[PDB]
Amino acid sequence: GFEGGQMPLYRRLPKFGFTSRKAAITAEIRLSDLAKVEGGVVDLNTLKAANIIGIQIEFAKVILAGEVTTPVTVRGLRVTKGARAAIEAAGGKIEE
Amino acid sequence: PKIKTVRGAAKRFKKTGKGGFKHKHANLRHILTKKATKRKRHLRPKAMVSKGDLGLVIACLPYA
Amino acid sequence: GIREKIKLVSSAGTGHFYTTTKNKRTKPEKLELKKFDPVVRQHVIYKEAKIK
Amino acid sequence: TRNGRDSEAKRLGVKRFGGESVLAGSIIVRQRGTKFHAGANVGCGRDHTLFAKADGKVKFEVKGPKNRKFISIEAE
RNA sequence: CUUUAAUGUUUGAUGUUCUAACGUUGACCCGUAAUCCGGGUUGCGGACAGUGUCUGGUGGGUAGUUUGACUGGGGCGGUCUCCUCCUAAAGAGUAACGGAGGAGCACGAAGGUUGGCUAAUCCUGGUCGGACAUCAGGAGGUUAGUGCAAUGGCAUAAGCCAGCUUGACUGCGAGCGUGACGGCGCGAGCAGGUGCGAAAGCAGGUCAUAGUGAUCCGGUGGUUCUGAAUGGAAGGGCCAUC
RNA sequence: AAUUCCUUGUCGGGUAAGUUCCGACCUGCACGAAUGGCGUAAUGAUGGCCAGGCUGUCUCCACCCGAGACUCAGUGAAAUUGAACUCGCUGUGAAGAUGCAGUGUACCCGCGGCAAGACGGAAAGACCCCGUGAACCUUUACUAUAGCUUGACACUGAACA
RNA sequence: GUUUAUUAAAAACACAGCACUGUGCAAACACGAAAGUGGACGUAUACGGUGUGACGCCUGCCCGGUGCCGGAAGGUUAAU
RNA sequence: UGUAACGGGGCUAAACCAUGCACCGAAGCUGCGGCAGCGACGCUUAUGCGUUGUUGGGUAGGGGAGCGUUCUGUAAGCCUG
RNA sequence: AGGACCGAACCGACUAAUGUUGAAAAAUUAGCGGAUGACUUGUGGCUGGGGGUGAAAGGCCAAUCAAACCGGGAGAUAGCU
RNA sequence: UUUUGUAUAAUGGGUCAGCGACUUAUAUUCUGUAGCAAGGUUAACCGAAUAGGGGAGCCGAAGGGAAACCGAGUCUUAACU
RNA sequence: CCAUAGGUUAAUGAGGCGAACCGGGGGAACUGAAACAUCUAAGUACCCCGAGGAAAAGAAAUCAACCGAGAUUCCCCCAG
């Protein structure tokens, strides 16, 4: 980043933001990973055991990426509108 | 050993989807009453790093 | 540069304020104008106050 | 001596010439005074810049009783 | 409450007296065969001196360093950012310690709108009045004026006068101009609300171009955005600003 | 003037002729009274000038005595060195030519000499500039610090006014 | 007399003399984180520092600036 | 320093002007033979082979393909009194 | 009697010449200054590097001194050659 | 070699032989090649052991926002043609 | 005065050396920041003390987050 004695670009521009501690422990889940776990019921413990989110994760969302084909029960996870539509279209059930 | 990131650069840039970098505009930290409100408004949204100085930010941030 | 800068605080109770300059030697009386307050989305009276 | 100062060039002049197809909002000429006057479909900005208000081809013409140069945007 | 004191007590300052801490490079005794040292008797000083921590002053005695660049070689002189003309070769741009001048502000109206008006200079006549004040008529046609330097504009006036007012609004912006970049500049139109006008419309500062300072750190106001077990808070973010 | 730039200031002495010297003058660029002023016998491998004697210092060099230089026999270096079949002149050209162009001169090779050239040899110029180079030194440059000094607390106690 | 051993012996340094200043003894000062030691087994007719340099005639005016000495009533001011 | 201001010898043209026809003159262009790069085109591609244009001065530098040297496997093989 | 006079040993180095790949990393020859004093010399000791010592030149501290020498940080750094 | 430019009278080399300068470790990006492919790959370690086990982790298939949060959308804004 | 200080015997142990590792007592600068003082180099170089075949540390007045883990030491991730 040195440009001669002239004030470098990474010092001419101002700093912004802050690092969120919640984002380091919040993950997102593709629709394709739902079939990979066993038992048909997804939550934090089963996803960690199946190595999908991470041991330190405390919150997780299911996203409309890929597609699910088998009935699956989502429990205690936030779900997007498109993901919810696909899950219910595939005979699923979402609870809190 | 691993390359050390330039922490000043890390507090100012973030990689986007296609590989570019976003940054905050300059001239908005202090003396503002003499600047036209149109200029301040245009300086509020974040911008993308230019092609000329893209190499320096990629060099300064080896770990995205 | 005798003209010093001030702020116009809204009368709507919101903390919003505009900013400008004035010549305090030849215009000692306070400034009052009607400006748009984007919090209440109405044009309210703004009164001059100390820049601090 | 006392003659070393000068100012940066302002890059004025005609930016789009006659018979050039332009998009709306594009600058045609950057001037100091009103050397060219705004005609049909051309507006005059804060610093007397003449800009196109609609897509079309630039047209230069001399009109008026004072022989003033007008810029208009021909329909296209 | 204006106007002050008593009994006792809460602790500071100054001064005097005392010995018991402490000092003794005063005298004597012992270890001892010893002008070091230690113990004892005594004399003088005495809560001072002296020493530790914290703190103000003085401190080239000592230590680490700084003391710019351009420059028809260096130093001295002059200059360093921004605006206008020429140099600049009829698009843009273009250098020299080239030729000439300015800016580091001003304005709550000197901004917006509606309505109205036309100067400079000279001639003739007229009380104080004069080459030059104000009045009337004529010639003249912008040689005048623009808050300020110069250039380009300006009569539909951008110049001058009056009424009403805050568009010197908030979030945005199709599309361009100029920059290596940071950035700087022009912009119709969309949404909310506002001013003038009967209305078509105009208004996102001033006829335009100088009137300026990136980032870090810190200050003020607003906003649960964030808040290290939890609920707050501190701190941080964002918006406005110093 | 150990000090006066203008300056060899002006006058007088010395010399035929004296930018130095000696003695005055004062128009002291910019002397001056213990960072001492002005004299001062004696003293000085101290600075300047003049005179007598003396002289190859000079006019102007000449001869002689030895030690080298020269030749013979014996031992036997060094700095330097891209390679050389290594001339003069005028011009050209990284602008001062043994080496290029034109021309002149010159059979091959030693020895004793001289030192004009090979921008000769010796020392990565000391003068000058440049490096956000170094070292010392100075100070009312910046920031510290040993030391000196000031106060609070501690070792440090008892009565009285 | 001394001095730049190895380009400078001098008008430079030193000198006896003069003057100012500090220092009352466990002296100032100096070398020492300190103990101690020199000064000195000396005591203001002494010792250290500074300037001047035998002797003769002298050393005149200025405390505004910067130091140093004396004073502490007032202004300002640290730790506590 | 030496002619030294046509390069020299020398020239009354062997100088200058105008017209015309020859010739010399370079690593330019053409002829013949050879090597290599990049594009068209076709083969039945050994994935590079006929023709066909055209290119090939080169520093800093970028790209591509190689020669040769010591050691390890192939290698108790092969060459050598 | 004397930091008195002339002048050897002894101490020093004022002028000139030679020598400058020297006999010598400072000397030789002819002159010169002090030569009973602040003289000179032999033996042993003490003062250590930001330190010593200096009749003071930034002189000297083992042919080296505006901060000795030896080892280490150390292949310091060098936008320069 | 350095230069705008050197036969240069600018630098370096007397000559020969030997030695002498883009390497090594760990991370990151790009190109070629090989394996597998919405998956790829293991590090310390166990193990008689370049096998096999080990998926602790990392990169990728989702991004927008400073963030809570939302999500093939997100941010600005009371709301965007 | 008792006593204490001191003195004389006897027994046991220590002293010095050694290449690296360890714990502790002190502790730079060249360098980087394109100068330099905060900062870096770095608790590195170096000096000193002590011990062992290892040393140091060590059995929570430790983390975690309302679920739990269970002394110290070292390796790979977390993670530049």
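What's counted below: heavy atoms across the whole structure, side chains too, no hydrogens, waters or symmetry copies. To find a chain, count down the sequence lines: A is the first, B the second, and so on, and within it residues start at 1.
A perpendicular orientation is assigned to the rings of C/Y46 and C/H16, their planes being inclined by more than 60° (bins at 30° and 60°).
The listed nucleotides are J/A68, E/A228, J/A62; the one nearest the side chain of A/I63 is J/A62. Closest contact between the side chain of D/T1 and the listed nucleotides E/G187, J/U26, E/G99 involves E/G99.
For D/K66, a side-chain nitrogen or oxygen approaches OP1 or OP2 of E/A155 to under 4.0 Å. OP1 or OP2 of E/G177 lies within a sub-4.0 Å distance of a side-chain N or O belonging to D/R16. Listed pair B/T37 / E/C169 meets the phosphate criterion, a side-chain N or O lying under 4.0 Å from OP1 or OP2. Taking side-chain N and O atoms only, B/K22 has a distance below 4.0 Å to OP1 or OP2 of J/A66. Look at C/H16 and you won't find any side-chain N or O under 4.0 angstrom from OP1 or OP2 of E/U170. Residue C/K34 places no side-chain N or O under 4.0 Å from the OP1 or OP2 atom of E/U165. At E/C172, one or more side-chain N or O atoms of B/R44 fall inside 4.0 Å of OP1 or OP2 (strictly under the cut-off). In this model, the phosphate group of E/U84 is not approached by any side-chain N or O of D/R5 to a distance below 4.0 Å at OP1 or OP2. Not one side-chain nitrogen or oxygen of C/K5 sits closer than 4.0 Å to the OP1 or OP2 atom of E/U241. Of the side-chain N and O atoms in A/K81, one or more sit less than 4.0 angstrom from OP1 or OP2 of J/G71. Side-chain nitrogen and oxygen atoms of A/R78 include none within less than 4.0 Å of the OP1 or OP2 phosphate oxygen of J/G71. Within the 4.0 Å cut-off from OP1 or OP2 of E/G177, not a single side-chain nitrogen or oxygen of D/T49 is found. Residue D/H37 places at least one side-chain N or O closer than 4.0 Å to OP1 or OP2 of E/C154. Remark: C/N23 is in phosphate contact with E/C107, judged by side-chain N or O atoms under 4.0 Å from OP1 or OP2.
Taking only distance into account, the side chain of A/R21 meets the base of E/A228 through a donor-acceptor pair shorter than 3.5 Å.
Taking atom P in both E/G187 and E/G112, the straight-line distance is 14 Å, to the nearest Å. G/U7 and G/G38 have their P atoms separated by 43 Å, given to the nearest Å. Using P as the reference atom, E/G98 and E/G111 are 44 Å apart when rounded to the nearest Å. Using atom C1' as the reference point in both E/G145 and E/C202, the two lie 25 Å apart (nearest Å). Nucleotides F/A24 and F/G48 are separated by 23 Å at their P atoms, to the nearest Å.
Using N1 to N3 plus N6-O4 or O6-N4 for Watson-Crick, or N1-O2 and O6-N3 for G-U wobble, each under 3.5 Å, E/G204 pairs with nothing.
At a threshold of 4.0 angstrom between heavy atoms, the contacts of B/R7 with the nucleic acid are absent. Residue A/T26 is classed as having no contact, given no heavy-atom separation below 4.0 Å to the nucleic acid. As judged by a 4.0 angstrom heavy-atom cut-off over every strand, C/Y18 is placed among residues touching the sugar-phosphate backbone only.
Side-chain atoms of A/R75 and A/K93, non-hydrogen and from C-beta on, never get closer than 4.5 Å to each other. Using a 4.5 Å heavy-atom cutoff, the side chains of A/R11 and A/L9 are not in contact.
Because its glycosidic torsion is more than 90° from 0, E/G15 is reported here as anti. Annotated as syn: E/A89, whose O4'-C1'-N torsion sits within 90° of 0.
Atom CZ of B/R29 is separated from atom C1' of E/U220 by 16 Å (rounded to the nearest Å).
A donor-acceptor distance shorter than 3.5 angstrom exists from the side chain of D/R5 to the backbone of D/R2, with no hydrogens or angles considered.
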Walk me through whether C/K34 and C/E32 qualify under salt bridge (charged side-chain N to carboxylate O under 4.0 Å, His left out).
CA-CA 7 Å; C/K34 284 182 69 69; C/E32 275 194 17; over 6 Å; no
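With A/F16 as the aromatic partner, B/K24 does not meet the cation-pi criteria of under 6.0 angstrom to the ring centre and within 45 degrees of the ring axis.
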